């Protein structure tokens, strides 16, 4: 049952984004599969994270964040931002609006103000209102499913 729940989400595919935050001068960021649209007017999105993430204190104590949509050419960056090594070592980012860390060469990004976090024991829902953004290079979205990075192939359609 702990099993059934973990299993069913193993079977649920997801798109891959990266969240960035500048916590009093130091950049933090992390790969995320829970980013979802919430509303259009005003524009908002949500994601979930663990309060044990190395980035939780940055998120708890900061207002502006970035979200980055990833394509297939961004798989290395996705893996970077999911592992424990220093994620900002390299020339792959720079500070943008509100001093949010902006990652180069992504499908596009949005900058938001965190409205609130809804915190449970070990995880939180984060609600963000979007204040800025920029479309990047169009490409094929990056997906993650049962532990592997994947690409979407549309299903046959006669049209």
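Residue numbers count along the first chain shown, from 1.
The question of which stretch, 150 to 158 or 3 to 11, has the higher mean Cα B factor is settled in favour of 3 to 11. Remark: residue 91 belongs to the lowest third of its chain, ranked by C-alpha B-factor as recorded. Among all modelled residues in its chain, residue 54 ranks in the lowest third by Cα B-factor. Split the chain's modelled residues into thirds by C-alpha temperature factor. Residue 133 is in the highest one. Per the deposited record, the Cα B-factor of residue 41 falls in the highest third when ranked against the other modelled residues of its chain. In this PDB entry, the Cα temperature factor of residue 27 sits in the middle third of its chain's modelled residues.
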